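Q: model this:
(one chain, ligands or ions: 1)
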Amino acid sequence: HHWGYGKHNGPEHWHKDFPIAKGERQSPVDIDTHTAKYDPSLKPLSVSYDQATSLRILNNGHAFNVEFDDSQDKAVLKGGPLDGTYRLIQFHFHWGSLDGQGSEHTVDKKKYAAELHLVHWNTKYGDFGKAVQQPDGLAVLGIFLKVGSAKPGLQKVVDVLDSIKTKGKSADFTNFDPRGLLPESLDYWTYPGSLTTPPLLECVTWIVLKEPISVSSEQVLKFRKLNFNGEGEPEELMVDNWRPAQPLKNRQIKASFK
Ligand SMILES: [Zn+2]
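A: Numbering: from 1, shown residues only. Shown next is the protein structure:
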């Protein structure tokens with residue numbers, strides 16, 4: 001009876017195994033654009049992805065992760081609200097069963113069709129496993145997906161999904177450039193939060209980009225053909241793998257833009 005996104009093991013149950021689910025800095029949250037505080041001291045984001053080395057794509061039973069070589073400062077995030085250098089380790093998405101839901105964060109209660117999370121860890125902690133134990137251990141860049149025109153830089157991901165249909169399957173996935181997933185503008189909101197899946201640790205500086213990317217209906221439909229289950233188990237489509245918004249509690253969302 002592992003955690004998941006079903007009626008009997010979904011997010012409203014996670015607190016029984018992970019009591020931090022009811023914590024003070026849980027994610028995602030609704031971004032109220034009118035009460036977010038413009039902070040002129042926030043610096044522009046510095047995304048240096050030109051030397052990124054993707055390795056593999058994996059269906060882990062809750063999403064698919066594209067994993068990167070994080071043994072050197074190859075693909076790094078700096079600047080913005082961050083102190084120090086954060087290395088890209090993986091990206092993954094959350095998506096819905098319908099185009100009107102799927103994102104984890106919302107903007108003035110608006111849901112997007114999907115949300116991309118680029119996960120980075122603070123190099124001062126030496127490895128990802130140590131970083132998750134620290135309040136400044138991770139920085140996650142969150143990008144919304146809306147349905148419209150196709151995103152050509154996403155198609156290489158979409159085309160390999162047939163090879164990792166079920167939980168535990170992995171495939172080599174080299175030479176993927178994540179710059180093809182970024183919007184034109186890097187204006188952002190930021191707040192302190194958590195991982196949105198168990199163990200729900202409160203270790204994340206969230207950086208949520210204001211500008212969504214557009215993907216086509218055909219691209220997102222291919223996400224919905226993945227399976228939560230392993231091969232030979234009954235088929236459960238991997239859809240609605242998003243956590244609902246959590247209370248903001250004593251936190252302020254800051255904006256890099258007016
Ligand atoms: Zn995520």
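Q: going forward, measure contacts between C-alpha atoms and count neighbours the same way
A: OK.
Q: tell me who's in contact with residue 38.
A: 254, 255, 256, 257, 258 (CA atoms under 8 Å, 6 or more residues apart in numbering).
Q: residue 170: what's its closest spatial neighbour, skipping adjacent residues?
A: Excluding the flanking residues, the one nearest residue 170 by CA to CA, 6 or more residues apart in numbering is residue 58, at 4.2 Å.
Q: about what we covered before: report the buried members of the contacts of residue 38.
A: 254, 255, 256 (16 or more other CA atoms under 10 Å).
Q: distance of the first one relative to residue 200?
A: This points to residue 254. Going from residue 254 to residue 200 by CA to CA, to the nearest Å gives 22 Å.
Q: what's the neighbour count on residue 69?
A: The local packing of residue 69 (other CA atoms under 10 Å) involves 17 other residues.
Q: and it, how close does it get to residue 131?
A: Taking CA to CA, one finds residue 69 at 16 Å from residue 131.
Q: same thing with residue 112?
A: For residue 112, the distance to residue 131 - CA to CA - is 29 Å.
Q: higher neighbour count, the two?
A: In this view residue 112 and residue 131 are compared by other CA under 10 Å, and residue 112 has more residues nearby, 23 against 20.
Q: point me to the helix or strand that includes the spatially most distant residue from the centre of the chain.
A: Computed with CA atoms, centre = their mean, the residue of the chain farthest from its C-alpha average is residue 232, at 28.6 Å. Here residue 232 is covered by no helix or strand, with elements defined by DSSP states H and E.
Q: out of the buried ones among the contacts of residue 38, which sit inside strands?
A: 254, 255 (DSSP state E).
Q: chain center to stretch 133-151: distance?
A: Computed by CA atoms, centre = their mean, to the nearest Å, the chain-centroid distance of stretch 133-151 equals 4 Å.
Q: would you mind putting the CA coordinates of it into CSV?
A: What follows is stretch 133-151, C-alpha atoms only, in CSV (Å, rounded to 0.1, in the frame of the first residue of the first chain):
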residue,chain,number,x,y,z
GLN,A,133,18.3,17.4,4.5
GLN,A,134,19.1,21.1,4.4
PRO,A,135,16.7,24.1,4.3
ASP,A,136,18.6,25.5,1.3
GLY,A,137,19.5,22.2,-0.3
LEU,A,138,17.5,22.2,-3.5
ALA,A,139,16.3,24.7,-6.1
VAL,A,140,13.5,23.7,-8.4
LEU,A,141,12.7,25.7,-11.5
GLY,A,142,9.0,25.3,-12.3
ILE,A,143,7.7,25.9,-15.8
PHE,A,144,4.0,25.8,-16.7
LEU,A,145,2.8,24.1,-19.9
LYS,A,146,-0.2,25.3,-21.8
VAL,A,147,-1.8,23.5,-24.8
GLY,A,148,-1.3,25.3,-28.1
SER,A,149,1.5,25.2,-30.6
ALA,A,150,4.0,22.3,-30.4
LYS,A,151,7.3,22.7,-28.6
